[PDB]
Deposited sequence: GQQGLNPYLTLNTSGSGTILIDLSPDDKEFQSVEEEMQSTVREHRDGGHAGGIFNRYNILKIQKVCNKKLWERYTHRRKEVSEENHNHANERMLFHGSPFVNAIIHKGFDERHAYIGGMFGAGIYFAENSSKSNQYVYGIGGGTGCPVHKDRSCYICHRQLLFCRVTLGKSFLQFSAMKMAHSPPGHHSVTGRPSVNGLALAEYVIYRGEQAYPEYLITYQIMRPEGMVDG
């Protein structure tokens, strides 16, 4: 029972979500190899994801975590990129989405940099790029990211099961790079906004 509601570009919600997406683009150490070369996006659509089952599942787990962490869920809004967006918005996050080869163990990874999430849209390392042109830097084909509500709780600061007494891991990666986060329970993230976009070729 997932439905998707389109937001008007005149909606404050559309504008705040776009701004978060645009303002967290950075340059990457791969020179654009995985996610492409761009400074900004063309946002084409932003849809609100509404699923009562997945939400109650999220808030139930949020309450648990909160009570184990001095009444502090440590809830963030973070980006996630994946080939399986469609599965996520209907079935939610689960152990099948655990990135076994990730630097912080077999969990689900999120990012403050939208452009880091962009690198995983066509798979790990950008895969073979867009299905139509096999171009990881394609300026034509439409991409999709998720902007997710994420419960971090007590997060282990790093410079499958979570670390003992901790509900998530914070990776603190470079001075301009923002944090990346890992959760080990699928119930600790809710896929709230689905964003459709293109990367833009710099002028």
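Stretches of the deposited sequence lacking C-alpha coordinates, numbered from 1: 1-16, 176-180, 195-196, 227-231.
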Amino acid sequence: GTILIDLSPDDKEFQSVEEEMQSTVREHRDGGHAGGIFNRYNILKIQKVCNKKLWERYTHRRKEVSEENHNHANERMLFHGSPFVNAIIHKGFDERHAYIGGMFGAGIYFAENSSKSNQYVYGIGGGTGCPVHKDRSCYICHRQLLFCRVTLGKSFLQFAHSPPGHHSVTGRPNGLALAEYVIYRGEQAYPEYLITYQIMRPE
From here on, numbers count along this sequence of modelled residues.
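Basically, rigid core = biggest C-alpha set you can superpose within 1.5 Å across the two forms.
Larger average C-alpha displacement in 9 other deposited structures of this protein, relative to the shown form after a rigid core fit, is seen for 96-104 when comparing 96-104 with 67-75. Of 145-153 and 160-168, the stretch whose C-alpha atoms sit farther from the shown form in 9 other deposited structures of this protein, after fitting on the rigid core, is 160-168. Higher mean CA temperature factor, per the PDB entry, when comparing 127-135 with 74-82: 127-135. Averaged over Cα atoms, the B-factor as recorded in the entry is higher for 91-99 than for the other of 91-99 and 112-120.
Highest CA B-factor among the listed residues (174, 42, 47, 168): 174. Per the PDB entry, 53 shows the highest C-alpha temperature factor of the residues 149, 28, 53, 154. Ranked within its chain, residue 33 lands in the middle third, by CA B factor from the PDB record. Compared with the other modelled residues of the chain, the Cα B-factor recorded for residue 13 ranks in the highest third.
When the modelled residues of the chain are ordered by their C-alpha B factor, residue 143 lands in the lowest third.
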